[PDB]
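A.B. asks: In the first instance, please consider these chains from the complex; the rest will follow:
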Amino acid sequence: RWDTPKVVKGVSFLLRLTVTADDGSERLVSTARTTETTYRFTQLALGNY
C-alpha cells in the first residue's frame, strides 16, 4: 500500500515486480496497472525480490 500523490486529473498505478537472480541479475515476474491503492500478491517463491 502507498498514498496518492498530487496528480492532475487521473491516477493509475503501474506495479512491476523484479526478482534478484542467483548470479546477480534481475528477473521480471508479472506487471500490473491498477487504480485501487492496496494490492495483494499470491504464491511467491524463491528469496529476495
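C.D. replies: Okay, I see it. Residues are numbered from 1 along each chain as shown, chains lettered A, B, ... in the order given.
A.B. asks: Residue A:4 sits in which helix or strand?
C.D. replies: Using DSSP states H and E, residue A:4 sits within no helix or strand.
A.B. asks: List the residues that contact the closest residue to residue A:3 other than its chain neighbours.
C.D. replies: Once flanking residues are discounted, residue A:3 sits nearest to residue A:37: 7.4 Å by C-beta to C-beta, 6 or more residues apart in numbering. Just so you know, the C-beta spots here come from the backbone N, C-alpha and C atoms, and that holds for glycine as well. Taking C-beta atoms under 8 Å, 6 or more residues apart in numbering, we find residue A:37 in contact with A:1-4, A:13.
A.B. asks: who wins for neighbours among those?
C.D. replies: residue A:13 (13 neighbours; other C-beta atoms under 10 Å).
A.B. asks: That residue - nearest residue in space that isn't next to it in sequence?
C.D. replies: Per C-beta to C-beta, 6+ apart, closest to residue A:13 is residue A:34, 5.4 Å.
A.B. asks: now for chain B, put it on the one above:
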Amino acid sequence: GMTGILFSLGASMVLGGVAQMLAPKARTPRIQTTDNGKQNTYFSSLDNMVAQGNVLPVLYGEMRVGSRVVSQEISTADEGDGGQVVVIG
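C.D. replies: Okay, here's chain B dropped in alongside the others:
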C-alpha cells in the same frame, strides 16, 4: 429637381418568405456526423466543457447544466471531517 427611378421593391422582399418580414426567425446550428444523430441546442449545454475557448457563459433560468472546469485535482484525503471524533478502527 425631379427624383426619378423610385423602383418599388415590395415584390422582391416577399420572395424570401413573408413570416420573415415580421420575425427575423431563430438561427439553427449545424449537424456533426461524429455526434451521432443528436441535435445540438442553441441555448443549453448539458455537458461540462473546458474553461478555455468557450466564453464565460450566461444563465437565465432553471436548466440543470454543466460548466467550464477551471481546475481539477486529486489528492489524499484526511481521516476526519472535524471535531474530536477522529476514530479509525
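A.B. asks: Revisit the nearest residue to residue A:3 given that chain B is now included?
C.D. replies: In space, residue A:3 comes closest to residue B:76 once its chain neighbours are excluded; the distance is 5.1 Å by C-beta to C-beta, 6 or more residues apart in numbering or on different chains.
A.B. asks: Then residue B:30?
C.D. replies: residue B:40 (7.9 Å).
A.B. asks: so that neighbour touches residue B:27, yeah?
C.D. replies: No: under the criterion of C-beta atoms under 8 Å, residue B:40 is not in contact with residue B:27, lying 11.7 Å apart.
A.B. asks: which one of these two has more residues nearby?
C.D. replies: residue B:40 (12 against 6; other C-beta atoms under 10 Å in any protein chain shown).
A.B. asks: which residues of chain A fall in strands?
C.D. replies: A:13-20, A:26-34 (DSSP state E).
A.B. asks: my bad, should have said chain B
C.D. replies: Going by DSSP E, chain B shows strands at B:49-50, B:68-69.
A.B. asks: starting at the chain centroid, how far to the first one?
C.D. replies: Centre-to-centre, strand B:49-50 and its host chain are 12 Å apart (C-alpha atoms, centre = their mean, to the nearest Å).
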